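What follows is a short report on a single structure.
Cβ sites come from the backbone with ideal geometry, for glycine too, and all protein chains shown count toward neighbours. Derivation of every value follows stated rules applied to the coordinates shown; laboratory data play no part.
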Amino acid sequence: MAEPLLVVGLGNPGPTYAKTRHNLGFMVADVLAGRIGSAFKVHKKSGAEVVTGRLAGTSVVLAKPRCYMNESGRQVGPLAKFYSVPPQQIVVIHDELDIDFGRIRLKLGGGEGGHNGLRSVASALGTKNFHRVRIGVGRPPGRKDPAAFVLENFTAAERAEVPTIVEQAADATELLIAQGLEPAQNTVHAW
């Protein structure tokens, strides 16, 4: 019993892109893994960044693509096969325009803000079914698609609810394994 679930953290390491809101995966996982007693291993290929930590009780594998979102779908595929884990019931932390910054929504689907980061993985797996966690970053105001704006942001307003996301993300991820998704998504909708 107790198979290591695959937790995918969406990160976009780039020249100016490593300082954006697209680095959620490895930026948030850093502090939570450090506390539980977990170090990150660099296995450059499909497992560029992986940490095995156990929250709630069961040990899970948190993988972060250190490549661009374009290449993200190419990371999960081979990695899943190594540990013989089904890439169906996976959780992926990612930023989306679905809601404003402060609260988050964990939902299964892919067609809002980060189309490529959704498409890359969805098209590679040949299906959706992924229940990803969407961090609300708001909808960048403009006559152009947020696609262009979300690649470089410096809005002090996003910083105000950063601590709020931290507490929610760290608690919800553990409670997810502890009981289920309902208690978790109810809490992030309550606070």
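What residues qualify as long-range amide H neighbours of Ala56, i.e. H under 5 Å apart, gap of 5 or more or another chain, H built at 1.01 Å from N?
none
Work from the charge dipole of the chain (Cβ charges, +1 for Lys and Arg, -1 for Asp and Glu, about the Cα centre) and give the residue of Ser46, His115, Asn23 farthest towards its positive end.
Looking along the dipole axis, the top candidate is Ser46.
Report the net charge of residues surrounding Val42, where surrounding means a beta-carbon distance below 11 angstrom and charges are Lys +1, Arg +1, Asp -1, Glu -1. Numbers along the way, then the final one.
Values: positive: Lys41, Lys44, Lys45, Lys64, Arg66; negative: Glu49.
Overall, the nearby charge balance is +4.
Using unit Cβ charges (K, R positive; D, E negative) and no other charged atoms, how large, in debye to the nearest 20, is the dipole of the chain about its Cα centre? Write out the running numbers ahead of the final one.
On the way: 22 positive and 17 negative charges, 116 e Å.
I would put it at about 560 debye.
Which of rounded, prolate, oblate describes segment 1-96, given a ≥ b ≥ c as roots of the alpha-carbon gyration tensor eigenvalues and a/c under 1.5 marking rounded, otherwise prolate only if a/b is larger than b/c? List each step's numbers first, then the result.
Numbers: a/c = 1.79, a/b = 1.28, b/c = 1.39.
Taking the square roots of the gyration eigenvalues as a ≥ b ≥ c, segment 1-96 is oblate.
With the contact rule set at Cα under 8 Å and sequence spacing of 6 or more, what percent relative contact order holds for the chain? Present the calculation step by step, with values, prior to reporting the outcome.
Working: 351 pairs, mean separation 42.7, N = 191.
Relative contact order comes out at 22 percent.
Assuming 0.36 nm per residue, please report the length gained on full extension of the stretch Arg105 to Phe149 beyond their Cα-Cα distance. Mind dumping the intermediate values first?
Numbers: separation 44, 0.36 × 44 = 15.84 nm, distance 2.12 nm.
The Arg105-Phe149 span can extend by a further 13.7 nm.
Mean Kyte-Doolittle hydropathy of -0.5 or higher plus an axial Cα length of 30 Å or more: which whole DSSP H helices in the chain meet both?
On the way: long enough: none.
Correct list, ordered by number: empty.
What is the antiparallel percent of DSSP beta bridges lying wholly in the chain, to the nearest 5? Working shown, then result.
Details: 14 of 24 bridges.
Bridges in the chain are about 60 percent antiparallel.
With the Cα gyration tensor of segment 104-173 giving a ≥ b ≥ c as the square roots of its eigenvalues, does the rule (a/c under 1.5 for rounded; else a/b larger than b/c for prolate; else oblate) give rounded, prolate or oblate?
Details: a/c = 2.73, a/b = 1.17, b/c = 2.33.
Because a/c hits 1.5 or more and a/b fails to exceed b/c, segment 104-173 counts as oblate.
Taking segment 100-187, which chymotrypsin sites (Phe, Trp or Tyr not before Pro) meet the DSSP loop condition and have no more than 12 other C-beta atoms within 10 Å? Don't skip to the end; give the middle numbers.
Details: sites: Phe101, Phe130, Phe149, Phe154; in loops: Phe101, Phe130, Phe154.
Filter output for segment 100-187: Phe154.
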